Each structure stands twice: as C-alpha cells, then as structure tokens.
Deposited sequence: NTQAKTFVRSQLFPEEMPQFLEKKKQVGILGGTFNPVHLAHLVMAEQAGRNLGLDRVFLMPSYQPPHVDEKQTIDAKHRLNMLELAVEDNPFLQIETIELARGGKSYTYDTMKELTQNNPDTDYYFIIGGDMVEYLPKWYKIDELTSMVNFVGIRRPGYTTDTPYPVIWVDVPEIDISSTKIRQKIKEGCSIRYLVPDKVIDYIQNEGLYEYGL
C-alpha cells in the first residue's frame, strides 16, 4: 500500500516553488514520493517535460507523471485520477493543491467522486482561509511567491530568474530560446 503525492500544474516553466511545494508536502506527510503532473496545453509539451525532468533529475523522491500529456484532449482531473487508480489499485493518492485553489474545488468536474478517489492536501498559504467543504487535510510549506507566469514575464522583460528556476532549466530555456517572445 503505497502513498503517492500528485502536484498538478502547467509547469510553463517548472520553478523553485513547484519543487519546494512538492518536496515539503510529501516529506512532511511522510509520503513515499511525489509526482509533478503537467497538464495538457503555447510551447510544445516536449519542452515542458524536458525541463521538468531536468528539475527533478537528482532526487528519487520527485518524479514526473506524464499521463495527461499522453492522453491529451479533455483531461478532467477526475478522469485522470480514475485512470491512475485503476492502473495502481493499491496506491493511496494525495492530490496537492495550493491553499488559494481550495476555494474553487466546487468548479471541479465530479469533485464528489474525486474526493472519494483521492486524498486532497491543501498547502496552507497566507491570505487564503484554512476552511473549505470537502475533506481536505493541510500541510505547512514556506511561502514561495513564484509563478510560471511571473517567470515568463521576467524572461520577456529580460530580468534575472537565477535561483527562482533551477540552473539546468535556465540553461535549457536559453539553449532552446524559450519564452523570449
């Protein structure tokens, strides 16, 4: 009986806050490992995946779940977790979301069933409340106020992203000429 975390996102590009959130939530709960799960869709997914793999490269605790990139199309989270739980029927999944996202959990397709499928884990964040419907358990993570949009904006404006983004990922962005449009 495995316990596995999932951190979803576009990861466009992956950055330090993704790594801290995944490692801290998983390690604090004592999960076996945490997967960063890129969503489908504008740069090609191969790039997002290469950067993701570079970012988690040296750390067996963090891995990449690619099922959403392969299946494409609709991708409601319920459908994804339904495939993952059928593939891994003895795995307890811990679906990690930022405290800010916990509010929109009603907008989630078949959130009813989804909460019976997986364990939602909220990341306590300043400003947003620790209250919600649905069974969410919470974990404390140092606030890291970085977002992929912020990074892309900094790249577009020609500002530094060092330490906000892993060195191997910065090198890839520059080698492939990403985000400078």
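Q: Mind pulling out the bits of the deposited sequence that never got modelled, as residue ranges from 1?
A: According to the record, the gaps fall at 1-23, 65-72, 213-214.
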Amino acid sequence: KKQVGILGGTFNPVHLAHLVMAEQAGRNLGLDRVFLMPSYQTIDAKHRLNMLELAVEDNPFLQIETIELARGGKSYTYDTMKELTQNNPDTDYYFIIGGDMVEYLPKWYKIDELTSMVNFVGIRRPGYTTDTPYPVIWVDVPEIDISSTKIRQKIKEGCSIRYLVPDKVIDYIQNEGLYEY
From here on, numbers count along this sequence of modelled residues.
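Q: Which is higher on average in the deposited entry, the C-alpha temperature factors of 72-80 or of 90-98?
A: The stretch with the larger average C-alpha B-factor is 72-80.
Q: Looking at the entry, does 146-154 or 127-135 show the higher mean C-alpha B-factor?
A: Between 127-135 and 146-154, it is 127-135 that shows the higher mean C-alpha B-factor.
Q: Select one of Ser116, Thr66, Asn28, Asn50: the residue whose C-alpha shows the highest B-factor in the crystal structure entry.
A: In this record, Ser116 carries the highest C-alpha B-factor of the candidates.
Q: For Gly177, does the deposited CA B-factor place it in the lowest, middle or highest third of the chain?
A: Highest third, going by the recorded CA B-factors of the chain.
Q: Thinking about Cα B factors across the chain, which third does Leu54 belong to?
A: Answer is middle: the recorded C-alpha B-factor places it there.
Q: By the recorded C-alpha temperature factor, relative to the other modelled residues in its chain, which third is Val169 in?
A: Tercile = middle for this residue's CA B-factor.
Q: Would you mind checking where the Cα B-factor of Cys159 ranks among the modelled residues of its chain, as the lowest, middle or highest third?
A: For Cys159, the deposited C-alpha B-factor lands in the highest third.
Q: By the record's CA B-factor, is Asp32 among the lowest, middle or highest third of residues in the chain?
A: Lowest third.
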